[PDB]
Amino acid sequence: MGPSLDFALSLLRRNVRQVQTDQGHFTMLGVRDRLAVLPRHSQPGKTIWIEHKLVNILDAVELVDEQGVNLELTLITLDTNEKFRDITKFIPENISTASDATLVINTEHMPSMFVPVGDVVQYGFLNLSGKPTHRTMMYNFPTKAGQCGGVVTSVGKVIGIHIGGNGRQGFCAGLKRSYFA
């Protein structure tokens, strides 16, 4: 096995989970300890369904920038025994671009799905069905419903969470390491 494939599969096995909220199916990224991240629009309630079981959410922090503008991420703290393998060191200190990224999706409807979205570029501002949103990046791939939460990855780096699309292009909320400090 090559190393790119080994890293994505390991991500699926240890960190990228199938979840459902009352808003539908999403891909969740577990980052470290009991800390995971979802797209804010998933609106996790007091419990969330993770793979095969209902898991209690102890805390949910919706991330905004300094202008109070939406970043489209929610940090959730889970009531579980598991500590996620810590992948914080694979998350850049600042929102970074990449070449030939792969989007890793894991949902009940789209299990263990690899989507070659190509180069990921700085985009910045995105208007999400009436909600202004900062710190996004963009890939010219026609992503679809059911793919939100998907993890944007390239050469052993975890750089974003899939949040939206327009039929031609897709957009992620950029990851930075300090969110998970």
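Each residue number is its position in the shown sequence, starting from 1.
- The PDB entry records a higher mean C-alpha B factor for 122-130 than for its counterpart among 140-148 and 122-130.
- Taking the mean C-alpha B-factor of each stretch as recorded, 34-42 and 64-72 are not equal, and the higher mean is that of 64-72.
- The residue among 94, 77, 88, 107 whose C-alpha carries the highest B-factor in the deposited model is 94.
- Annotation for residue 175: C-alpha temperature factor in the lowest third relative to the rest of the modelled chain, per the entry.
- The PDB entry assigns residue 10 a C-alpha temperature factor belonging to the highest third of its chain's modelled residues.
- Per the deposited record, the Cα B-factor of residue 157 falls in the highest third when ranked against the other modelled residues of its chain.
- Sorting the modelled residues of the chain by their CA temperature factor places residue 169 in the highest third.
- Residue 117: CA B factor lies in the highest third for its chain, per the PDB record.
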